[PDB]
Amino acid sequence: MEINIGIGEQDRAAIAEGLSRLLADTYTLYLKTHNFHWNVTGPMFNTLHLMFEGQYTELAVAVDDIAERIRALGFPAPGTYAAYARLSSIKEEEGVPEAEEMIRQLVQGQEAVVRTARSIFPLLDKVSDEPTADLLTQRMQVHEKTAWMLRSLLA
């Protein structure tokens, strides 16, 4: 069946490309936070184990919201290590850093996701894709809130 939601094929494919990067960054942050949750140590273990659990639990939902938006625009949602590594703008971390470096990286992750989100809006201004704009707007709100809480731990 045809897709007649008021956005053309070329435009939907361009939007699904931007959301593919958003999905990649969000998944990479998800896995990193999940990593730090398991591996953080030190006097802040109890509070960071719990904080990081709240964050990756939220990001597991966020990846679903973004993948389902791509599917609604008529495109397959990427979902492999290789696809995400190619699309992610987020530097992975292969070691076990100190808790304060874990905080600092999670802050930069949040702001990396915000950067990818903002990069997509210019595309949307020419088109009218109002649902996608609102998904970006919600992801931005969540990540900027999480950044304040994470960096507060460092002031």
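Heads up, when I say rigid core I mean the largest set of C-alphas that superpose within 1.5 Å between the two forms. One-based numbering along the sequence shown.
With every structure aligned by its rigid core, 122-130 is the stretch of 102-110 and 122-130 whose CA positions lie farther away in 4 other deposited structures of this protein. As recorded in the PDB entry, 7-15 is the stretch of 143-151 and 7-15 with the greater mean C-alpha temperature factor. Here 34-42 and 123-131 are compared by their mean Cα B-factor, and 123-131 comes out higher.
Of the residues listed, 113, 103, 87, 62, the entry assigns the biggest Cα temperature factor to 87. Looking at the C-alpha B-factors along this chain, the one for residue 98 belongs to the highest third. Per the deposited record, the Cα B-factor of residue 92 falls in the highest third when ranked against the other modelled residues of its chain.
Among all modelled residues in this chain, the alpha-carbon of residue 136 has a temperature factor (C-alpha) in the middle third.
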